[PDB]
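Chemist: I'd like to ask some things about the structure below.
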Amino acid sequence: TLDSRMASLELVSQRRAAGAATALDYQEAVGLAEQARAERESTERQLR
Amino acid sequence: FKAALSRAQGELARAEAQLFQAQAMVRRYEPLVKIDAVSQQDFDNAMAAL
Amino acid sequence: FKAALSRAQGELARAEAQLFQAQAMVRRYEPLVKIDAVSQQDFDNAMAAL
Amino acid sequence: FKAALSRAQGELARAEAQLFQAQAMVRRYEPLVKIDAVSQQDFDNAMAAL
Amino acid sequence: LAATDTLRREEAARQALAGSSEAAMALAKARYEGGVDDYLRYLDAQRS
């Protein structure tokens, strides 16, 4: 899931770089990636 | 001919109102695109509309 | 000629209906934009439509 | 005749504005569609618009 | 130890997320003061 989030984040980053997307979309993609990372940390803690 | 002139002036007023709207849109969008608040595509559409 | 006048009057009636709608929209937006209930872009669009 | 030419030039200027906008759209979409950032359908729509 | 490590990384992710929402604040406020977005969008961003 996090790999998917980073893929979407990179893709939206490219779209913003090309100007087809606002910085708001890039920011929300960043937030989603951070949320997935936090979820991964929680699952890592549970596994440990 | 006065009636035709009135019609032409009415069309002119409509076009001028649309132009004022487009000018306002571009004036508002210009600083926003500088900080990427609006997409470069949206600003280009606004400029084309203007 | 009577039919042509009737057609033109129909077109004028449609234009008056559109004007009435735009007037009502601007009247509703005018107090709202002062408290920022509607975006300044939307108010300027309403004014342009009027 | 000068007025007719001015009107035609205005129409041409509008067409050039639309062409410029479409060119910008396609220029932005062309690198994006290769990485599948935009749908192939959207790129074909942009090409059709251009 | 596992909790402390995973929680350090999780707090890093959550701090990045908060920074992202604050960037959304900067952008939404800039739009609102620019007259493009109404107050509702700005308030929604604030709540987020």
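First to last, the sequence lines map onto chains B, G, H, F and C.
So the first sequence is numbered by the authors' numbering: it starts at 195 and just counts up by one.
So the second sequence is numbered by the authors' numbering: it starts at 100 and just counts up by one.
So the third sequence is numbered by the authors' numbering: it starts at 100 and just counts up by one.
So the fourth sequence is numbered by the authors' numbering: it starts at 100 and just counts up by one.
So the fifth sequence is numbered by the authors' numbering: it starts at 388 and just counts up by one.
Even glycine gets a Cβ: it sits at the ideal position worked out from N, Cα and C.
1) Mark residue 273 of chain B as exposed unless 16 or more other C-beta atoms lie within 10 angstroms of its C-beta, in which case mark it buried.
2) For residue 46 of chain H, count neighbouring C-beta atoms within 10 Å of its own C-beta (all shown protein chains included) and say buried if the count is 16 or more, exposed if not.
3) Do the stretch 121-132 of chain H and the stretch 108-115 of chain F meet, that is, are 3 or more Cβ pairs less than 8 Å apart?
4) Are the CB atoms of residue 414 of chain C and residue 217 of chain B nearer to each other than 9 Å?
5) Alpha carbon to alpha carbon, what distance is there between residue 141 of chain F and residue 147 of chain F?
6) For residue 231 of chain B, is the classification buried or exposed, using 16 other Cβ atoms within 10 angstroms of its Cβ as the cut-off for buried?
7) Who are the neighbours of residue 201 of chain B on chain C, taking C-beta pairs under 8 Å?
8) If the cut-off is 7 Å on Cβ atoms, which residues from the stretch 112-143 of chain G count as contacting chain B, listed in chain order?
9) Does residue 102 of chain G have its Cβ less than 9 Å from a Cβ in chain D?
10) Between the stretch 404-417 of chain C and chain B, which residues of the former have CB atoms less than 8 Å from a CB of the latter, in chain order?
11) Are there 16 or more other CB atoms within 10 angstroms of the CB of residue 417 of chain C, so buried, or fewer, so exposed?
12) Of all the alpha helix (DSSP H) runs that stay within the bounds of the stretch 123-148 of chain G, which reach a length of 4 or more residues?
Modeler: Inspection of the coordinates gives the following:
1) Outside the displayed range of chain B (195 to 242) lies residue 273 of chain B, so it cannot be described from this structure.
2) Here chain H has residues from 100 to 149 only, and residue 46 of chain H is not among them.
3) no
4) yes
5) 10 Å
6) buried
7) Under the 8 Å cutoff, chain C gives no residues; its nearest Cβ is about 17 Å from residue 201 of chain B.
8) 135, 136, 137, 138, 139, 140
9) Protein chains in the displayed structure are B, G, H, F and C, and chain D is not among them.
10) 404, 407, 408, 410, 411, 414, 415
11) buried
12) 139-148
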